[PDB]
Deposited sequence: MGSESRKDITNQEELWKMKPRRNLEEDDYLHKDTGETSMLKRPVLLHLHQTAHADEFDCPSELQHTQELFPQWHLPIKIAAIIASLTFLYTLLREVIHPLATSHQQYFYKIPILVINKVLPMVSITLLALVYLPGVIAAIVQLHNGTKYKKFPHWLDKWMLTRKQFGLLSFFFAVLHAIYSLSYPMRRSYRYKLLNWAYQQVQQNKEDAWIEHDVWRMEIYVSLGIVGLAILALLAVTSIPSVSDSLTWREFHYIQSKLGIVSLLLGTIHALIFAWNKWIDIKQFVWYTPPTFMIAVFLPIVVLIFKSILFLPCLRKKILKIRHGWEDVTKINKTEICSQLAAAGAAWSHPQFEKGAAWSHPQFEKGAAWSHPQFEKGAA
């Protein structure tokens, strides 16, 4: 029963379960323990929408990580076989690219549902009152608008490219293109979506790197762990692109 989906799902469940407890600890448990604060309403959306993108971008990085390892071990020995653990990994690249897309659209829908919630309404009315209370016209903040317009726009075009990888995974559509075309989509356009995905997360952290309020006790913010693996994969893909 689903022999080629056991390994990707177990890895997806481990990353999801480990990130969930990690994010739930920084956003709910830590405020509840010290300076008691409920914050229990953040679990259904504001916590799930921090597990889905990290699972989505990590599984996406695991698609091209073997492509980099397979190249350096080919040069490390000069010539021709792959270890068992690597060749088994190379086969499940199709499944990783699908789970990564399945969690990307969930992260997409959860994000588009932010202004729909009631918690967003009651915060708009409080901000509107607190602004009138202090006679502050023109609540506009220029550099903050720049941030939101960019990483939202990059996240959408980053998801559109993933949709091309997913639609070419249909066996009828997949068995309709020559290998040069299929390899052109899964590799050339595929790595672009990883690039737009990690920049979508870096621009989101405009200046949260230098801020110390992000670290609850000593743990880094959840986005620093998310973008760690894709950045490693991208720079090594660039090093290999140099004459070598």
| request: Would you flag the ranges of the deposited sequence that the structure leaves without C-alpha positions? | output: 1-68, 148-149, 315-380
